[PDB]
Amino acid sequence: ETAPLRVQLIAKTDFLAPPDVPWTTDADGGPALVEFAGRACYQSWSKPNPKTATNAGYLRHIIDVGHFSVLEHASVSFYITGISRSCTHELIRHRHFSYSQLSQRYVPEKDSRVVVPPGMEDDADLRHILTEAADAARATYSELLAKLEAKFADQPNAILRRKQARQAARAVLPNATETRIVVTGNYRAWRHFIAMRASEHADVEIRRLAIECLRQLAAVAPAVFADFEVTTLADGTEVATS
Amino acid sequence: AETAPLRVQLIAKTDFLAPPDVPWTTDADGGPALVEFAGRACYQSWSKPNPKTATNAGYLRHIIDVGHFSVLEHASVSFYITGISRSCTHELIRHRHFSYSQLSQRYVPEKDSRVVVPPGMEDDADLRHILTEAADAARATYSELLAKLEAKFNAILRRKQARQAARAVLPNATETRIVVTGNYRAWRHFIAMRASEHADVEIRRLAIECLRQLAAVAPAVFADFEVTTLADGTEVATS
Amino acid sequence: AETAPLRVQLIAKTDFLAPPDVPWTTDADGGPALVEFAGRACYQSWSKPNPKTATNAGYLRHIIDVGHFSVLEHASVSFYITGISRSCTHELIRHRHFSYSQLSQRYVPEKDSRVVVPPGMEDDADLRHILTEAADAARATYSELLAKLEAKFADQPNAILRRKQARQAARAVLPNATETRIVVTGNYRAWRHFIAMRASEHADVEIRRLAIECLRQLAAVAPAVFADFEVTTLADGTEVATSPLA
Amino acid sequence: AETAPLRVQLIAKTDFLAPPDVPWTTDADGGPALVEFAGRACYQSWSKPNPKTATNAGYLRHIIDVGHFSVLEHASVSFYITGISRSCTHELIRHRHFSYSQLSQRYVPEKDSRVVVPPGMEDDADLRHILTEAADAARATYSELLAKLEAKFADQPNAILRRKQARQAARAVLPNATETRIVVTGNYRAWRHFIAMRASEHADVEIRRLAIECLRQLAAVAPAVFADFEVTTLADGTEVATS
Ligand SMILES: Cc1cc2nc3c(=O)[nH]c(=O)nc-3n(C[C@H](O)[C@H](O)[C@H](O)COP(=O)(O)OP(=O)(O)OC[C@H]3O[C@@H](n4cnc5c(N)ncnc54)[C@H](O)[C@@H]3O)c2cc1C
Ligand SMILES: Cc1cc2nc3c(=O)[nH]c(=O)nc-3n(C[C@H](O)[C@H](O)[C@H](O)COP(=O)(O)OP(=O)(O)OC[C@H]3O[C@@H](n4cnc5c(N)ncnc54)[C@H](O)[C@@H]3O)c2cc1C
Ligand SMILES: Cc1cc2nc3c(=O)[nH]c(=O)nc-3n(C[C@H](O)[C@H](O)[C@H](O)COP(=O)(O)OP(=O)(O)OC[C@H]3O[C@@H](n4cnc5c(N)ncnc54)[C@H](O)[C@@H]3O)c2cc1C
Ligand SMILES: Cc1cc2nc3c(=O)[nH]c(=O)nc-3n(C[C@H](O)[C@H](O)[C@H](O)COP(=O)(O)OP(=O)(O)OC[C@H]3O[C@@H](n4cnc5c(N)ncnc54)[C@H](O)[C@@H]3O)c2cc1C
Ligand SMILES: O=c1[nH]c(=O)n([C@@H]2C[C@H](O)[C@@H](COP(=O)(O)O)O2)cc1F
Ligand SMILES: O=c1[nH]c(=O)n([C@H]2C[C@H](O)[C@@H](COP(=O)(O)O)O2)cc1F
Ligand SMILES: O=c1[nH]c(=O)n([C@H]2C[C@H](O)[C@@H](COP(=O)(O)O)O2)cc1F
Ligand SMILES: O=c1[nH]c(=O)n([C@H]2C[C@H](O)[C@@H](COP(=O)(O)O)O2)cc1F
């Protein structure tokens with residue numbers, strides 16, 4: 001069974017303006033918070049600059065002048081499914097995110113799905129080769145699992161027994177095995193992720209993820225992600241540059 | 001000298017949106033619900049297989065009891081804090097898993113700045129008088145230097161170049177103001193480290209107040225901290 | 001078909017030179033001396049009133065007991081680690097206060113890659129065989145995919161990207177047990193936290209083995225800094241390290 | 001009234017020990033050699049098959065050109081910094097990828113504490129005198145509070161924490177210009193970012209002066225890693241660094 005990439009926005013900043021600060025703005029949530037924090041530095045509550053009088057104008061300005069630390073106050077979480085283990089091994093090299101990921105030590109993978117590398121998505125021959133090799137690996141897994149539980153059948157704690165079995169058995173599961181992950185980042189962390197991974201230099205699977213994250217973040221905070229331009233390459237893949 | 005009292009205002013928390021095609025719901029909203037979701041994502045335990053942990057409060061109690069603290073990182077809270085001293089912020093910002101935006105003495109004029117009275121001096125008219133007179137002397141000097149530095153030196157940077165030099169004389173007690181954002185794990189660590197007998201009483205008072213507001217927001221996440229009063233009437237928090 | 005044994009090689013540590021004007025000397029050099037120097041800098045406490053903290057090992061043991069762990073961050077150690085699996089590195093790199101440089105399957109040839117045997121099946125020749133046969137089939141599949149993918153991306157002019165486009169796709173079939181190699185750098189505090197989390201009975205046996213070996217090499221380069229960790233051998237013969245301060 | 005000039009002393013750097021059975025060597029030691037080792041581990045490029053990057057300095061210049069800054073994190077330098085003000089350290093420690101150990105006003109008596117002169121008033125004696133007079137006045141208030149606080153905490157039988165309870169309140173009156181002292185440790189990537197942000201005309205002139213001195217000593221340790229930073233003197237005589 002193959003798994004399609006799915007990205008679902010599950011959390012974002014709720015902003016509660018403090019009543020005794022003489023300031024308002026034409027926005028809500030993370031974008032509003034980011035403006036509040038910017039202004040706290042200068043106590044510029046009355047907005048004496050006409051061209052930064054709207055939220056979008058203030059956020060646009062912040063980025064233009066490169067005051068990126070102000071962006072860190074607002075965050076967004078996604079639940080990402082239909083991503084491979086090779087892709088999460090790349091993703092989690094980003095150290096200014098927080099992660100909760102599906103565990104092969106704890107979750108049975110006998111019926112696990114696989115993710116097709118975008119490079120061979122339209123190639124039926126290559127896909128068939130991939131999927132049959134995946135079925136062979138899953139069969140080896142179930143075979144290893146039985147023998148391993150038998151082998152640890154002097155381990156009185158049955159729960160620990162199965163986990164000892166499962167963590168060794170998963171040695172044969174391929175990189176393409178689907179995983180699922182909650183990723184939380186602040187806006188600065190997201191911008192850095194998109195710059196790095198939505199590039200022609202990046203692997204195509206993570207590039208595809210970065211583009212989809214960008215599209216969804218652009219909706220929550222248009223002015224924070226505006227400078228990114230999405231273009232298509234010769235192969236129909238997209239990159240985002242700023 | 002006008003004195004500034006500590007004020008802590010909660011200005012941001014988490015909005016949670018359960019994703020439609022995952023067969024799970026919970027009784028909670030916001031940060032605590034997000035934390036449960038992220039913990040269950042690890043085990044894909046979307047049904048309520050275990051009764052003891054089939055409510056949000058039961059689930060988070062488990063998470064904390066068995067030390068799975070990384071899952072707490074997904075939810076955040078922001079405060080706007082005023083009536084805190086410059087020496088207090090110099091300690092606060094040593095915590096590197098928070099994000100900060102702070103009142104800038106290079107930009108903001110301090111001719112009328114307030115001072116924060118150290119908790120140890122608060123109850124004493126003599127001591128407070130000594131501080132406030134010293135503060136007034138320093139503000140006079142600040143303004144003197146500011147005038148001679150503007151004269152010593154474009155118009156905006158002239159002022160800023162002047163202002164960044166002039167603040168050399170502003171005391172540690174000078175009021176500052178700051179936005180602090182942290183995830184639940186970061187806040188837990190801050191409270192454990194700062195709401196303690198080992199900490200300065202100013203940052204201690206700050207940490208207790210943050211704990212009080214956080215526990216109102218997310219009581220299962222902060223339930224293991226007990227507030228105790230010491231002989232000197234200050235408060236500490238232990239887990 | 002070829003198996004890779006765990007190997008941990010210490011490749012970098014801290015070199016310390018005391019500032020000559022500071023009226024202080026100590027019992028040690030490198031990292032442990034740096035850490036003492038940093039701790040004394042907070043207090044400007046250059047003199048030595050207490051027999052128990054008047055030696056480097058003594059001062060360091062004191063820092064750890066009173067929980068001033070931020071002082072330990074000034075000294076770092078790097079290892080080059082080989083004979084570690086991809087599933088092991090996927091756990092390892094969740095530690096975010098380390099720096100990593102790791103063998104890239106997007107670039108490096110994997111047709112002859114070695115496999116890492118899970119410790120749980122190390123002594124069972126039949127299980128080793130089920131595993132290595134599977135890895136051989138997977139490497140054959142990788143080579144079959146790559147041949148075709150190379151043709152598909154041949155018209156990409158940049159040599160480095162066209163090799164990555166083919167190989168990044170081919171490695172989809174490589175198993176978790178595939179050998180990787182990684183340079184890991186961290187400061188003493190970061191190493192302490194890793195050991196606490198990974199040299200434990202809750203941890204997977206492969207990363208546990210790695211943690212214990214790092215601990216042993218770290219305790220050798222940095223006396224007193226890791227002394228509160230005590231290695232014990234569980235009943236299955238695997239080793240765990242425990243500390244009452246971590 | 002004693003003034004303290006900036007001093008930056010390099011106290012630690014990376015010691016590199018190349019691993020026996022990896023078929024590679026290079027024309028450097030220390031942090032620069034380690035950085036090259038880590039970079040080559042990513043591709044197992046041990047034979048050095050590219051002649052243009054076959055020297056250490058060339059490989060390091062390549063890393064930076066290609067933007068693979070993560071590899072620079074493996075090597076570090078530590079400084080002991082004195083003659084820096086409290087306002088300067090309040091800025092410096094906003095950099096969260098450094099480690100710090102700093103002189104504590106909670107624990108260290110400040111009766112004899114020195115003043116750091118802002119670079120802005122350095123060539124104006126009358127301004128310096130206003131500063132140092134205000135410092136002396138603050139320091140006398142500090143001592144006055146300290147005695148009066150040590151008395152007021154007679155309750156406390158523990159003499160150590162009695163004097164710290166005193167000191168932590170008493171330092172309320174100490175000025176921003178109060179000298180502090182700090183050990184700062186960072187890897188090469190963190191140092192590059194610090195220099196980029198602080199050795200610029202946008203930064204306060206004290207921290208800018210600090211960043212320039214660090215850059216000069218770091219360039220001595222790892223020239224190729226810091227070569228793209230070029231010091232310029234602005235019209236006012238201060239120095240900026242730009243890449
Ligand atoms: C037995 C075991 C089982 C595990 N099971 C799972 C699992 O099922 N699913 C899963 O996704 N992961 C799992 N993990 C991974 C685990 O949740 C951590 O990600 C990993 O162990 C890294 O350690 P750390 O979280 O302490 O953070 P590190 O990255 O090692 O950080 C060190 C310290 O810095 C602090 N810190 C770092 N970053 C932040 C931050 N952003 N905010 C606040 N504080 C921070 C914390 O104090 C932390 O202890 C498991 C780990 C173990 C040991
Ligand atoms: C009572 C008290 C006295 C103090 N006295 C002094 C003093 O005399 N001098 C002085 O300089 N400071 C002093 N400090 C500051 C102290 O050293 C810490 O910098 C500060 O409290 C931040 O807490 P933390 O060290 O846990 O790091 P945080 O920045 O709060 O990080 C949280 C967690 O992330 C992890 N982490 C973060 N960065 C790293 C890293 N670079 N490497 C490895 N792990 C990391 C650690 O697990 C850490 O616990 C004092 C603090 C207290 C509470
Ligand atoms: C001219 C100037 C004026 C300033 N004015 C103000 C002011 O008025 N008010 C104020 O509060 N501050 C001010 N600052 C401080 C500034 O906003 C930063 O806090 C400080 O310079 C630290 O640098 P940094 O933001 O690059 O982060 P560092 O902590 O130096 O981290 C380095 C890099 O790590 C990454 N990073 C670290 N932490 C995170 C995180 N939590 N999330 C995502 N990425 C992270 C970023 O990529 C960053 O570039 C000013 C700084 C300068 C240079
Ligand atoms: C095209 C491509 C190819 C790659 N190839 C390889 C490879 O062959 N081998 C390999 O091992 N990795 C490889 N990587 C991973 C890469 O080295 C980084 O680990 C990963 O992209 C995370 O990004 P980041 O390093 O910018 O830092 P993040 O962890 O995303 O941190 C964000 C920012 O915080 C700051 N920061 C975080 N931690 C530190 C720190 N410890 N010191 C100083 N600053 C810090 C930096 O400013 C950084 O930009 C590759 C990545 C890409 C995009
Ligand atoms: O003991 C564990 N350690 C670990 O780091 N994780 C991880 C890292 C990975 O990102 C994810 C799933 O890992 P695994 O397949 O090893 O369970 O959570 C999981 C565990 F169970
Ligand atoms: O309790 C303390 N908390 C703290 O954060 N520091 C830090 C912050 C600052 O970077 C330096 C000196 O702090 P202080 O003058 O408050 O002691 O060490 C020191 C303490 F003693
Ligand atoms: O584009 C890349 N992105 C990435 O994060 N790495 C990392 C992640 C992993 O820790 C290791 C090897 O990754 P991979 O097999 O995907 O090349 O280096 C490597 C790349 F080439
Ligand atoms: O150039 C600056 N650099 C800096 O780090 N800050 C910080 C540090 C401090 O936490 C707060 C105010 O610093 P200052 O009073 O120097 O403006 O924001 C502010 C600037 F203007």
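Basis for what follows: all heavy atoms, side chains included, without hydrogens, waters or symmetry-related copies. Counting starts at 1 for both ligands and their atoms, in listed order. Residue numbers begin at 1 in each chain, while the letters A, B, ... track the order of the sequences.
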If you count the atoms of ligand 1 from 1 in the order shown, which ones are under 4.0 Å from a heavy atom of [X]?
X: B/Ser70; result: 17 (O), 25 (O)
X: B/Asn183; result: 40 (C), 41 (N), 42 (N), 43 (C)
X: A/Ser100; result: 11 (O)

Steps toward salt bridge (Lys or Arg N to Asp or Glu O under 4.0 Å) verdict (C/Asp204, A/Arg170) = CA-CA 12 Å; C/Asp204 195 298; A/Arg170 60 71 166 272; 3.7 Å; yes

Tell me the protein heavy atom at minimum distance from [atom], and give that distance in Å.
atom: atom 6 (C) of ligand 4; answer: D/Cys42 SG, 5.0 Å
atom: atom 4 (C) of ligand 1; answer: A/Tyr106 CE1, 4.5 Å
atom: atom 1 (C) of ligand 4; answer: A/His201 O, 3.4 Å
atom: atom 21 (O) of ligand 4; answer: A/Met196 CE, 3.2 Å
atom: atom 17 (O) of ligand 6; answer: D/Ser104 OG, 2.7 Å
atom: atom 6 (N) of ligand 6; answer: B/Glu91 CG, 4.1 Å
atom: atom 2 (C) of ligand 4; answer: C/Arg106 NH1, 4.3 Å
atom: atom 5 (N) of ligand 4; answer: D/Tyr43 OH, 4.8 Å
atom: atom 8 (O) of ligand 1; answer: A/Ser103 CB, 3.5 Å
atom: atom 1 (O) of ligand 6; answer: D/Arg106 NH1, 2.9 Å

Protein non-hydrogen atom below 4.0 angstrom of [atom] present:
atom: atom 50 (C) of ligand 4; value: no
atom: atom 43 (C) of ligand 4; value: yes
atom: atom 14 (N) of ligand 1; value: no

Of the side chain and backbone of [X], name the one, both, or neither that has a heavy atom under 4.0 Å from an atom of ligand 1.
X: C/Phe194; answer: neither
X: C/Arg94; answer: both
X: B/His97; answer: side chain
X: A/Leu102; answer: neither

Under 3.5 Å, side chain of [X] to main-chain N/O of [Y], donor-acceptor pair present?
X: D/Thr14; Y: D/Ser76; answer: yes
X: B/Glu91; Y: B/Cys88; answer: no
X: B/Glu202; Y: B/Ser85; answer: yes
X: D/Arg181; Y: D/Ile84; answer: no
X: B/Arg86; Y: B/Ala173; answer: no

B/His97/A/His96 aromatic ring centres below 6.0 Å | no

Is the ring centre of A/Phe68 less than 6.0 Å from the ring centre of A/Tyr187?
-> no

For [atom], which candidate among [options] holds the nearest heavy atom?
atom: atom 9 (N) of ligand 4; options: C/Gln105, D/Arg96, C/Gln102, D/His68; answer: C/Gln102
atom: atom 15 (O) of ligand 6; options: D/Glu110, D/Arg86, B/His90; answer: D/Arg86
atom: atom 7 (C) of ligand 6; options: B/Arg94, D/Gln168, B/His95; answer: B/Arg94
atom: atom 24 (P) of ligand 4; options: A/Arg188, A/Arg207, D/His193, D/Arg189; answer: D/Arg189

Yes or no on side chain to side chain contact (heavy atoms under 4.5 Å, CB included) for A/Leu209 and A/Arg197, after CA distance, side-chain angles and deciding distance?
-> CA-CA 8 Å; A/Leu209 173 64; A/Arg197 300 298 188 170; over 6 Å; no

Tell me yes or no: between the side chains of C/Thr185 and C/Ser99, is some donor less than 3.5 Å from an acceptor?
-> no

Compute whether any side-chain donor of one residue and acceptor of the other, for C/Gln102 and C/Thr89, lie under 3.5 angstrom apart.
-> yes

With side chains defined as the heavy atoms from C-beta onward, is the minimum distance between [X] and [Y] less than 4.5 Å?
X: B/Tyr59; Y: B/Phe37; result: no
X: D/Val71; Y: D/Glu36; result: no
X: D/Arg167; Y: D/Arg106; result: no
X: A/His201; Y: A/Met196; result: no

Hey, is D/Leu103 one of the residues with a heavy atom under 4.0 angstrom from ligand 6?
-> yes

Have a look at ligand 6 and work out which part of D/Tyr100, if any, has a heavy atom under 4.0 Å from it: side chain, backbone, both or neither.
-> neither

Just how far is it from atom CD1 of C/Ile81 to atom OG1 of C/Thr180, taken to the nearest 0.5 Å?
-> 10.5 Å

Using 30° and 60° as the class limits, which term best fits the ring planes of A/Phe193 and A/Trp190: parallel, tilted or perpendicular?
-> perpendicular

Here the atoms of ligand 4 under 4.0 Å from any heavy atom belonging to A/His94 are 21 (O), 22 (C), 23 (O), 29 (O), 30 (O)

With atoms numbered from 1 as shown, which atoms in ligand 4 lie under 4.0 angstrom from a non-hydrogen atom of D/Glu73?
-> 39 (C), 40 (C), 41 (N), 42 (N), 45 (C)

Any heavy atom of A/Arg197 sitting closer than 4.0 Å to ligand 4?
-> yes

Close-contact set for ligand 6 against D/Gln105 heavy atoms, below 4.0 Å = 14 (P), 15 (O), 17 (O)

Here the atoms of ligand 6 under 4.0 Å from any heavy atom belonging to B/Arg194 are 1 (O), 2 (C), 3 (N), 4 (C), 5 (O)

Hey, does B/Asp200 come in under 3.5 Å of ligand 6, counting only N/O atoms on both sides?
-> no

In terms of side-chain geometry, is the basic nitrogen of B/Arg96 or C/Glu73 positioned less than 4.0 Å from the acidic oxygen of its partner?
-> yes

